[PDB]
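Visitor:
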Amino acid sequence: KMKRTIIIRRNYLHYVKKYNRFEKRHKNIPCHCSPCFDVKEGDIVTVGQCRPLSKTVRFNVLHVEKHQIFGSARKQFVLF
Amino acid sequence: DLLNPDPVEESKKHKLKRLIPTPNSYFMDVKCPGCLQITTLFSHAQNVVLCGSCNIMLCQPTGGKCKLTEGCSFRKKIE
Amino acid sequence: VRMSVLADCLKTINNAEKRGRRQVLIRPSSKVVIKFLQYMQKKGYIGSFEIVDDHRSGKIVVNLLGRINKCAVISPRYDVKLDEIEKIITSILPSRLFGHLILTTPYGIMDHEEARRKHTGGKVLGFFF
Amino acid sequence: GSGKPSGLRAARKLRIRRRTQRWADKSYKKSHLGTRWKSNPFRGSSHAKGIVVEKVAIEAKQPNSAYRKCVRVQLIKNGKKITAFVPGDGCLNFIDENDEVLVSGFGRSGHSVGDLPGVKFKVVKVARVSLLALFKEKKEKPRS
Amino acid sequence: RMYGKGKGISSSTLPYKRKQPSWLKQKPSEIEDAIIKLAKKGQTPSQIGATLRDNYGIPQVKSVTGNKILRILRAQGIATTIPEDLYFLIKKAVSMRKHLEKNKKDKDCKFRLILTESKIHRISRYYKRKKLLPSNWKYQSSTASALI
Amino acid sequence: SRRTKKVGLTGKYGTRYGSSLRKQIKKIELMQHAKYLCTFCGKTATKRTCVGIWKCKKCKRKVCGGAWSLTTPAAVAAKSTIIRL
RNA sequence: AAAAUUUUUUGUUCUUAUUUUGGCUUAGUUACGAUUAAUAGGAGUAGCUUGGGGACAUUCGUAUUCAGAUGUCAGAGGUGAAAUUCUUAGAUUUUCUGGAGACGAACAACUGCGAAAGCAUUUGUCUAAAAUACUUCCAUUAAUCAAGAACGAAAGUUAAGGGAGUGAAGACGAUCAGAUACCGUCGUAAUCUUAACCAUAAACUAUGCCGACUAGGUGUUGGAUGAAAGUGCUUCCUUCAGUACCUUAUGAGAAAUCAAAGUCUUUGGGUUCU
RNA sequence: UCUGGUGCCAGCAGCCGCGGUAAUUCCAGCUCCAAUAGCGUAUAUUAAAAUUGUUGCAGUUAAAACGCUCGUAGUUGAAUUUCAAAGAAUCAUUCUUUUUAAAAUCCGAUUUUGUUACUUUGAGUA
RNA sequence: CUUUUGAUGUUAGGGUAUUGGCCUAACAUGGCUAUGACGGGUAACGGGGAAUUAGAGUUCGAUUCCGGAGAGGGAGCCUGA
Ligand SMILES: [Mg+2]
Ligand SMILES: [Mg+2]
Ligand SMILES: [Mg+2]
Ligand SMILES: [Mg+2]
Ligand SMILES: [Mg+2]
Ligand SMILES: [Mg+2]
Ligand SMILES: [Mg+2]
Ligand SMILES: [Mg+2]
Ligand SMILES: [Mg+2]
Ligand SMILES: [Mg+2]
Ligand SMILES: [Mg+2]
Ligand SMILES: [Mg+2]
Ligand SMILES: [Mg+2]
Ligand SMILES: [Mg+2]
Ligand SMILES: [Mg+2]
Ligand SMILES: [Mg+2]
Ligand SMILES: [Mg+2]
Ligand SMILES: [Zn+2]
Numbered sequence: 082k083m084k085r086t087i088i089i090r091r092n093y094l095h096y097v098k099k100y101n102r103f104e105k106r107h108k109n110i111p112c113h114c115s116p117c118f119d120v121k122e123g124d125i126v127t128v129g130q131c132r133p134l135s136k137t138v139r140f141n142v143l144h145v146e147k148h149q150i151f152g153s154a155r156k157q158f159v160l161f
Numbered sequence: 004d005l006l007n008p009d010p011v012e013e014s015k016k017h018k019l020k021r022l023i024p025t026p027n028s029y030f031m032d033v034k035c036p037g038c039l040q041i042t043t044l045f046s047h048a049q050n051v052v053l054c055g056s057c058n059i060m061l062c063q064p065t066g067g068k069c070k071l072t073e074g075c076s077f078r079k080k081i082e
Numbered sequence: 002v003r004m005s006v007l008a009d010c011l012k013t014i015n016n017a018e019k020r021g022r023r024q025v026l027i028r029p030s031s032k033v034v035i036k037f038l039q040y041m042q043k044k045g046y047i048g049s050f051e052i053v054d055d056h057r058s059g060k061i062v063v064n065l066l067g068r069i070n071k072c073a074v075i076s077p078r079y080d081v082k083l084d085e086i087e088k089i090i091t092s093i094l095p096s097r098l099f100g101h102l103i104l105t106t107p108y109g110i111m112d113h114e115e116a117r118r119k120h121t122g123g124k125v126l127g128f129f130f
Numbered sequence: 002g003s004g005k006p007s008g009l010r011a012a013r014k015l016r017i018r019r020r021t022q023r024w025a026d027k028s029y030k031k032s033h034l035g036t037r038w039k040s041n042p043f044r045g046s047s048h049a050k051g052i053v054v055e056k057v058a059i060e061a062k063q064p065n066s067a068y069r070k071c072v073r074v075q076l077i078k079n080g081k082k083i084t085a086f087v088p089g090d091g092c093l094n095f096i097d098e099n100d101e102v103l104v105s106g107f108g109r110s111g112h113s114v115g116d117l118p119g120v121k122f123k124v125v126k127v128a129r130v131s132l133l134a135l136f137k138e139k140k141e142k143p144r145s
Numbered sequence: 003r004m005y006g007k008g009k010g011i012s013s014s015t016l017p018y019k020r021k022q023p024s025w026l027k028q029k030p031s032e033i034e035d036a037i038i039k040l041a042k043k044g045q046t047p048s049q050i051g052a053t054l055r056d057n058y059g060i061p062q063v064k065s066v067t068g069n070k071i072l073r074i075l076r077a078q079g080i081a082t083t084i085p086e087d088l089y090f091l092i093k094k095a096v097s098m099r100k101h102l103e104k105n106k107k108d109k110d111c112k113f114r115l116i117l118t119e120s121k122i123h124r125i126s127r128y129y130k131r132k133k134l135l136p137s138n139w140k141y142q143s144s145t146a147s148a149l150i
Numbered sequence: 002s003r004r005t006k007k008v009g010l011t012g013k014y015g016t017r018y019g020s021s022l023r024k025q026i027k028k029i030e031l032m033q034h035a036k037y038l039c040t041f042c043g044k045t046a047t048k049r050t051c052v053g054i055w056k057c058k059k060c061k062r063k064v065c066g067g068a069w070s071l072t073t074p075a076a077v078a079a080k081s082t083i084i085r086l
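Protein chains in written order, with the entry's author numbering: chain AE, 82 to 161; chain AM, 4 to 82; chain t, 2 to 130; chain z, 2 to 145; chain AD, 3 to 150; chain h, 2 to 86.
1) Residues around ligand 18, please: the condition is that the C-beta lies closer than 7 Å to some non-hydrogen atom of it.
2) Are the CB atoms of AE/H113 and AE/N92 within a distance shorter than 7 Å?
3) Are the beta-carbon atoms of t/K60 and t/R28 separated by less than 7 Å?
4) Starting from AD/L40 and walking both ways along the alpha helix (DSSP H), at which residues does that stretch end?
5) Just to confirm, is the Cβ distance from z/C71 to z/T84 under 7 Å?
6) To which residues does DSSP link h/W69 through a beta bridge?
7) Contact between the stretch 40–53 of chain AM and the stretch 49–63 of chain AD is defined here as three or more beta-carbon pairs at a separation below 8 Å; is this criterion met?
8) Is the Cβ of z/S3 closer than 7 Å to any Cβ of chain t?
9) Taking the alpha helix (DSSP H) that AM/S76 falls in, what are its first and last residues?
10) Give the secondary structure of AD/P47 by DSSP, where H, G and I count as helix, E and B as strand, and everything else as coil.
11) Is the stretch 133–140 of chain AE touching the stretch 101–109 of chain AE, taking contact as three or more C-beta pairs under 8 Å?
12) From AE/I88, AE/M83, AE/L94, AE/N101, pick the residue whose C-alpha is nearest to that of AE/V159; which is it?
13) Kindly indicate which residue of AE/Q157, AE/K99, AE/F118 has the alpha-carbon position closest to the one of AE/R85.
14) DSSP state of AD/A52, grouped into three classes?
15) Closer than 7 Å, CB to CB, is AD/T46 near chain AM or not?
16) With a threshold of 8 Å, are at least 3 pairs of Cβ atoms found where one atom belongs to the stretch 46–57 of chain t and the other to the stretch 80–91 of chain t?
17) What residues from chain t crowd round z/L135, counting only those whose CB sits closer than 9 Å?
18) Is AM/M60 helix, strand or coil when you go by DSSP?
19) Are the CB atoms of AM/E82 and AD/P136 within a distance shorter than 7 Å?
20) Compare the Cα-Cα distances from t/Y79 to each of t/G122, t/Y40, t/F50, t/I14 and report the closest residue.
21) Taking AD/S144 as the reference, which of AD/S97, AD/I84, AD/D110 has the closest Cα?
22) Kindly say whether z/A67, judged by its beta-carbon, lies nearer than 7 Å to any beta-carbon of chain AE.
23) Kindly give me the distance between the Cβ atoms of t/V34 and t/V6, rounded to whole angstroms, as I take these residues to be in contact under 8 Å.
This is the structure:
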């Protein structure tokens with residue numbers, strides 16, 4: 082929804098020693114998206130670190146992979 | 004003992020409970036008197052079946068095996 | 002709903018063994034069950050067994066020798082490192098001289114002594130005394 | 002099952018269940034509750050000093066029969082008033098109207114002990130000489 | 003069952019021999035043409051299978067040809083936009099809703115209608131995850147009656 | 002946005018008359034100002050013109066009915082009785 | 001279709017070609033190209049299949065009470081015993097006629113249906129739900145579920161009806177040392193219907209839900225299969241689903257007891273709540 | 001189960017308790033016991049506590065199954081796709097060799113054949 | 001919850017030893033959250049570590065070394081690498 086800027090979500094599992102089990106966690110990362118890409122909510126992107134470009138952004142997109150989803154983006158769990 | 008069950012006992016249980024599940028139904032050749040035509044039929048048929056030559060009823064649906072018309076003769080199909 | 006076919010098989014075997022039944026039937030089968038049964042066979046805990054072939058998930062019949070004390074699974078298949086075998090075996094097995102703990106390993110299914118001999122870890126499946 | 006989740010990714014549920022259920026334990030709730038800094042004359046210490054205000058006698062609980070000797074003390078630290086027991090056969094007449102004493106706990110920290118109803122403190126020193134060395138009476142005499 | 007308390011086990015069971023019987027005589031083209039003609043008349047796949055079993059001699063379609071009924075009905079561009087069982091569920095729901103419009107004091111009917119709509123939503127989610135239904139297919143409860 | 006939590010239509014009365022009288026007015030006037038199906042032409046366009054007269058905005062027929070609604074139950078019961086005979 | 005090593009013409013450069021390559025249109029050739037059908041789930045078809053499952057409309061019955069007659073004459077009620085109460089202006093009692101509102105005896109069960117709360121006169125319409133039978137269709141579509149939602153006895157609250165019997169309050173008459181009680185004579189709200197609230201019970205099997213295994217017998221409710229007495233129906237034998245009881249447990253418990261409250265220091269099938 | 005004194009008083013006692021003439025428990029004398037240049041008391045904290053329970057608790061009657069059903073997030077989910085087979089090294093066991101479908105690649109030939117979790121071994125570290 | 005008074009981005013500059021809403025003008029409506037945002041409490045400086053424990057765990061760490069912050073409480077400034 083920004084101009085040449087996107088938000089991506091990373092999912093991962095965290096280990097808890099006392100119970101010998103795992104948990105689901107997540108973090109958000111803002112990135113820069115050049116107009117040579119055509120993205121939308123639900124796809125998969127690969128990003129690389131650069132120098133700070135604003136108060137929050139430090140990455141920008143290098144490759145896009147089309148991916149179809151059926152619920153809402155925040156409710157999907159993909160691990161990589 | 005368990006590998007080679009008595010065939011009388013096996014054929015005497017529920018179809019889903021025997022070692023190899025097998026149905027209880029079959030197909031058969033039916034002949035009605037004085038029409039001179041042979042027709043395939045399924046035991047436990049759900050529809051009403053009319054003869055090819057004349058529109059004479061050959062069976063009636065029930066809650067189990069179909070009711071075969073009076074005087075008709077049936078013979079199992081070999082396989 | 003099943004959620005596991007290994008647990009049901011092992012529970013049925015254990016229940017029949019407690020009564021001295023000399024034969025038992027396992028309804029749902031799979032390759033993992035076959036491998037577990039073969040490993041029990043190799044240690045002389047059971048006799049021979051058949052696989053009955055219907056056109057569904059098959060069935061198994063086994064021969065028992067009045068010789069098993071216990072057989073069960075560990076439901077969550079915890080991931081075990083090579084240097085953590087000692088604690089698990091101390092907690093689970095009845096002695097240091099007999100009994101077996103079964104791991105699944107990147108080199109197949111095997112007990113703990115063979116896992117040490119091969120220098121490998123894995124996850125836990127179950128055990129039999 | 003047995004009422005707990007046993008999955009490989011069910012650690013949050015177990016952690017939160019244990020976090021909520023600790024508060025039902027009396028010892029835990031006692032040692033983690035913010036008001037213990039307020040409803041406690043010693044405010045966390047083991048001893049305190051005060052000025053004697055009155056001498057009293059207290060009845061024993063029902064099956065027993067006696068008159069136990071105590072003093073009422075006003076604490077220097079915060080001005081509160083407490084009641085303390087004077088141990089010994091005739092140790093009460095070692096104490097005057099307003100002297101300075103040390104008092105400590107009485108063995109069951111938050112609780113009353115034995116036969117005295119509602120006394121949780123005990124005198125250990127008077128006029129900065131030991132009550133025991135003064136009752137032994139073969140050691141020291143009060144600084145008149 | 004999924005909602006009530008029943009635990010029945012009644013069902014049909016297939017024979018061990020997967021090949022077609024020796025006494026069967028028709029040609030696969032004839033059976034496919036019968037499928038197409040009998041679906042032209044406005045029947046559903048389950049009705050088609052039942053009629054083939056009874057009024058013709060074909061124990062199983064898959065033994066004679068190589069495909070199932072829905073696949074061959076689709077190979078000709080004849081299949082409906084909405085699957086069979088979902089349509090039956092929708093029809094039951096619209097009937098119950100009409101009756102309930104006529105009677106505001108049925109409390110059992112309200113209960114059963116809630117249960118059927120839950121079924122509808124679950125099956126619709128499954129069919130949308132596959133590409134069998136368009137992604138913006140929603141089932142409004144007020145316009146479903148005109149759906150044919 | 003939603004401009005009112007409770008009073009809905011009776012917000013024209015302000016704070017007067019008491020809450021329960023406003024509630025009864027609300028119940029009556031919800032029926033009084035609604036639309037009703039015309040059985041003659043099929044459209045839902047029948048509205049009240051006076052205390053007993055109802056009229057369809059499309060076909061322009063006039064039907065005699067109730068005071069605040071188009072039908073009252075007591076007349077429906079008698080009509081059903083006669084029609085059953 | 002867009003660039004070429006290799007010679008070409010020029011001192012700024014001009015004059016041309018085999019020369020190394022992605023697709024398109026069509027004919028052609030492949031071993032050309034889709035795992036079962038779960039004693040998982042959902043749909044379907046069949047039976048003069050079952051049921052006090054639900055909603056609306058209809059139909060019947062004695063009893064009770066009111067009013068009208070009807071014949072007779074001194075008590076009737078009620079209690080452990082009596083009062084209060086009705087009555088020669090005819091009580092109570094017997095016969096007939098009309099109205100009113102609730103209720104649905106006997107049959108009726110260690111029997112049926114529903115998620116629970118609950119459901120019982122006849123007939124019609126509407127509406128769902130199992131179970132059984134199946135060589136019908138789809139192919140994992142499922143289990144349990146914070147938040148959220150639908151229902152939810154009796155009492156109680158709001159409005160309009162209805163108002164016989166029963167009867168929290170209240171008034172008397174008795175018993176008693178006292179009796180604001182237990183007993184008796186009256187009797188208001190309520191109890192019933194329509195439209196809205198309230199959301200609680202020893203709302204109990206004081207036993208969450210799904211799946212597997214483990215023991216013998218006697219019944220009973222609803223289907224299907226195979227066989228005998230009948231005067232296309234009854235009995236018997238199997239099998240599926242529901243529902244009780246008895247005996248016994250090198251099974252369990254602190255015990256009472258339990259076919260689950262068993263398969264647990266030989267401790268881990270899945271999941272919610274406390 | 002020693003002596004003297006006191007007599008529900010004085011007092012002791014973390015807990016159960018002792019104390020009215022016989023007090024093994026108060027106050028003393030004697031004698032014994034424990035640790036010992038050390039030994040008591042108060043407050044806090046760990047084990048004991050499988051009385052916080054992942055390993056590892058209980059929920060008919062002891063504390064504790066929501067009145068009942070639906071339902072999102074969460075947790076958990078049937079079987080199937082290369083299974084084998086034949087020699088060597090050891091006092092049946094443990095090890096170790098040999099190839100059996102395919103396509104691309106050295107004039108009847110070497111070497112490549114999806115991504116994570118998970119597990120093995122390293123690097124780096126006051 | 002944040003956003004009139006910079007909250008989240010784009011463009012052009014200013015400034016700094018350099019990147020950056022760090023600041024200024026124009027523009028757009030974004031950013032975080034039941035996987036706990038925004039708030040409250042701490043008798044909370046963080047580690048290397050300590051005590052007690054068969055194995056799990058529970059509780060401490062102002063205080064030898066490393067990192068941070070301050071010189072009664074706040075703000076400003078000169079010299080100088
Ligand atoms: Mg469910
Ligand atoms: Mg199936
Ligand atoms: Mg009346
Ligand atoms: Mg009355
Ligand atoms: Mg009365
Ligand atoms: Mg309650
Ligand atoms: Mg309860
Ligand atoms: Mg244990
Ligand atoms: Mg502790
Ligand atoms: Mg503990
Ligand atoms: Mg322990
Ligand atoms: Mg306990
Ligand atoms: Mg319950
Ligand atoms: Mg600005
Ligand atoms: Mg520190
Ligand atoms: Mg320092
Ligand atoms: Mg100072
Ligand atoms: Zn009209």
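Here a beta-carbon is modelled for each residue, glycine too, at the ideal position from N, C-alpha and C.
Guide: So, from the data block:
1) Residues with their Cβ less than 7 Å from any non-hydrogen atom of ligand 18, running along the chain, are h/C39, h/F41, h/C42, h/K44, h/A46, h/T47, h/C57, h/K59, h/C60, h/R62.
2) Stepping through the first sequence from its first residue, residue 92 of chain AE is reached at position 11. Stepping through the first sequence from its first residue, residue 113 of chain AE is reached at position 32. No, they are not a contact pair.
3) One-based indexing of the third sequence puts residue 60 of chain t at position 59. One-based indexing of the third sequence puts residue 28 of chain t at position 27. Contact flag set, yes.
4) Counting from 1 along the fifth sequence, the entry for residue 40 of chain AD is found at position 38. Start and end: 30–42.
5) The residue given as residue 71 of chain z occupies position 70 in the fourth sequence. The residue given as residue 84 of chain z occupies position 83 in the fourth sequence. Yes, the pair counts as a contact, with Cβ atoms nearer than the cut-off.
6) Within the sixth sequence, numbered from 1, the residue matching residue 69 of chain h stands at position 68. Beta-bridge analysis with DSSP links h/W69 to no other residue.
7) Yes, the stretch 40–53 of chain AM touches the stretch 49–63 of chain AD.
8) The count along the fourth sequence starts at 1 and reaches residue 3 of chain z at position 2. Taking a beta-carbon distance threshold of 7 Å, z/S3 does not count as an interface residue toward chain t.
9) In the second sequence, counting from the first residue as 1, residue 76 of chain AM sits at position 73. Taken as a continuous stretch (DSSP letters only), AM/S76 belongs to no alpha helix (DSSP H), being part of the beta strand (DSSP E) at 76–79.
10) Within the fifth sequence, residue 47 of chain AD is the residue found at index 45, counting from 1. DSSP places AD/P47 in helix when its eight states are reduced to three.
11) Fewer than three Cβ pairs drawn from the stretch 133–140 of chain AE and the stretch 101–109 of chain AE lie within less than 8 Å of each other, which leaves the two stretches out of contact.
12) By one-based count along the first sequence, residue 159 of chain AE stands at place 78. Looking at the Cα atoms, AE/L94 is the closest of the given residues.
13) Along the first sequence, read from residue 1 onward, the residue named residue 85 of chain AE stands at position 4. Taking only the C-alpha atoms, the option nearest AE/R85 is AE/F118.
14) Position 50 of the fifth sequence, counted from the start, is the residue given in the question as residue 52 of chain AD. AD/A52 falls in the helix class under three-state DSSP.
15) By one-based count along the fifth sequence, residue 46 of chain AD stands at place 44. In terms of beta-carbon proximity, AD/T46 stays away from the interface with chain AM, with every pair separated by 7 Å or more.
16) Contact fails between the stretch 46–57 of chain t and the stretch 80–91 of chain t, because fewer than three Cβ pairs, one in each stretch, are under 8 Å apart.
17) The count along the fourth sequence starts at 1 and reaches residue 135 of chain z at position 134. Proximity of chain t to z/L135 at the Cβ level (cut-off 9 Å) is not reached, the minimal Cβ distance being about 60 Å.
18) In the second sequence, counting from the first residue as 1, residue 60 of chain AM sits at position 57. DSSP, reduced to helix, strand and coil, places AM/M60 within a strand of the structure shown.
19) Working through the fifth sequence from its first residue, we reach residue 136 of chain AD at position 134. Working through the second sequence from its first residue, we reach residue 82 of chain AM at position 79. When the beta-carbon positions are compared, AD/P136 and AM/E82 stay at least 7 Å from each other.
20) Locating residue 79 of chain t in the third sequence gives position 78, counting from the first residue. Among t/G122, t/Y40, t/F50, t/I14, the Cα nearest to that of t/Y79 is on t/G122.
21) Within the fifth sequence, numbered from 1, the residue matching residue 144 of chain AD stands at position 142. The residue with the shortest Cα to Cα distance from AD/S144 is AD/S97.
22) In the fourth sequence, the residue the question calls residue 67 of chain z occupies position 66. For z/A67, the answer is no, since every Cβ of chain AE falls outside 7 Å of its Cβ.
23) Position 33 of the third sequence holds residue 34 of chain t. Position 5 of the third sequence holds residue 6 of chain t. So it is a contact: roughly 7 Å between Cβ atoms.
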